[PDB]
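One chain comes next, on its own, written out as structure tokens in the form deposited without inositol hexakisphosphate (IHP).
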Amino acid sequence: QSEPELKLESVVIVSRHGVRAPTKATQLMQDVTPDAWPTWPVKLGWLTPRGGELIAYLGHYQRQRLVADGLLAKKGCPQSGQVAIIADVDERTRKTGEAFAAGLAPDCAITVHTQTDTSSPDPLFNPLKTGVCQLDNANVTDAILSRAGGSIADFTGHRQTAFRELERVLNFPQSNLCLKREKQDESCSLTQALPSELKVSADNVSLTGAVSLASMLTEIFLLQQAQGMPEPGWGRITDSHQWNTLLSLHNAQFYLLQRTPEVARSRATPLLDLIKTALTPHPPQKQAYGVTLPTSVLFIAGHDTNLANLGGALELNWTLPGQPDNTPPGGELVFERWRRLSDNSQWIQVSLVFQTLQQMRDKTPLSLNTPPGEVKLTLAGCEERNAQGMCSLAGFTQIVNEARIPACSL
């Protein structure tokens, strides 16, 4: 039997929390559609039990996957200090951590470590909001507008097809914003009725109007779909082409606000530092949360913004077959360090593990036989690669060192 030339010795997963009930529909949300928004089974803002089961499935799969890789044992609870789970303070991420632990090792007591203080934000997941560091206004404004084609108007103009598709799902022409229109002189248009302005401060960036509204609404339909509700978007969404068109507006906003390096680098710095320390061989030192690193597996429950910030900072790009949302609930950015038995050198591989939207819709359990979608990523800035296409430990460390914004370090 041919033996593997590479041995898996460390895994770090940054995962978006699972499907969560959207927030209460804003006044705007009901004005852009005559129809009423469907209510959810659980508190709004919280992880839905279905959301938990989906994450649990991924946990189940990862256990099977790491067992086959010889990193985890097929029987019993992982040894003390072998698996570590960290989560942002929100209910949805804490619960995502618990669901993943339950799937990876049922009945076992794997703690989900968070920042001691739950009422306050965790700078690990956004150092900008806790004032750990600030954004250079003028530089961010220029970089975002630049990636937009110079203006948000040209940006939206290039996506009118997707915007009209949204209007069709909302039946916008027979909506309050449209009907009670004060300019009956022009045809109803979301982009025209809600101009989008780029807002830049030291602790945050945002887009007003249609772009941000569209990004949120398309994600809600996705959530509906994934939650297994009767007819997402009032039965109006019928094929895969329509799903892609709709979410494209969501991915577009994230492209602008979360992947832009001038924002991504500062916002992902604490995560980059945690990831690098966890993947780098070292005795079980620390980083915080009362958890020791390095270890075998480190699971981090964060958000889609984190996945996009990390991709923007590490120059990782990806499209997910079967999943219209590039930063899907439960989506996992998997970092692995593999040692090459021959020269015993260290290499790092990155992947985006996810559940196809259908796998979410049908709540199909996962296993090696029926795995979730998986896309192997390539660090664009990596030069020193191995046959398998991985980046050397040193290269990756260099990539992290140059991309991190020290002033945003924890």
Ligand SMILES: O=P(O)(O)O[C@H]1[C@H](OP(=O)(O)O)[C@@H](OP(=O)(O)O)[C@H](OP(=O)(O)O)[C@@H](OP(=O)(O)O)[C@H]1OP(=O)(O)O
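One rule holds for the numbers: they count along the sequence shown, beginning at 1.
One more form of this protein should be noted, the form deposited with inositol hexakisphosphate (IHP) bound, which is absent from this view; the next part is about it.
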In this shown form the pocket that inositol hexakisphosphate (IHP) occupies in the bound PDB entry, once superposed onto the local C-alphas and checked for 3 or more atoms within 2.4 Å of backbone or C-beta atoms, is open
Note: exactly one of 295, 305, 175, 260 sits with a heavy atom within 4.5 Å of inositol hexakisphosphate (IHP) in the bound PDB entry, namely 305
With the partner omitted here, the residue among 98, 90, 165, 336 that in the bound PDB entry has a heavy atom within 4.5 Å of inositol hexakisphosphate (IHP) is 90
Going by a heavy atom distance of 4.5 Å, is residue 153 a contact of inositol hexakisphosphate (IHP) in the bound PDB entry? no
| field | 4.5 Å heavy atom contact, residue 318 to inositol hexakisphosphate (IHP) in the bound PDB entry | value | no
- request: Give a yes/no on whether residue 254 approaches inositol hexakisphosphate (IHP) to within 4.5 Å in the bound PDB entry, heavy atoms considered.
  value: yes
query: Taking heavy atoms and a 4.5 Å cut-off, does residue 219 contact inositol hexakisphosphate (IHP) in the bound PDB entry?
result: yes
The stretch from 23-31, 337-345, 61-69, 356-364 that lies within 4.5 Å of inositol hexakisphosphate (IHP) in the bound PDB entry, judged by heavy atoms, is 23-31
Looking in the bound PDB entry, the residues of 261-287 with a heavy atom no more than 4.5 Å from inositol hexakisphosphate (IHP), listed in order, are 267
